[PDB]
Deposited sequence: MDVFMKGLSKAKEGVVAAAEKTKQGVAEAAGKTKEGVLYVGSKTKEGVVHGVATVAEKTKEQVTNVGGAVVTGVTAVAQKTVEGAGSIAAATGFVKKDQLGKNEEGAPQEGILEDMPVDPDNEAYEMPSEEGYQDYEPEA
């Protein structure tokens, strides 16, 4: 669950959105008269009309993730 990144040294990024009457829901639990609902979102969620990820890593870059579920 260890992320490391070491860097040793010895353009135009455009995003354009023109939205009319936009509706966005992320992690959502919509219900009515339900007895129960279980939601265990624990990861990584990216949601959107214009969801852009330009140059996520450029130099030395590290990403990590870890999830679990034990019920017994």
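Novice: No C-alpha coordinates means not modelled. Give me those stretches of the deposited sequence in order.
Specialist: The deposited sequence has unmodelled segments at 1-14, 25-35, 98-140.
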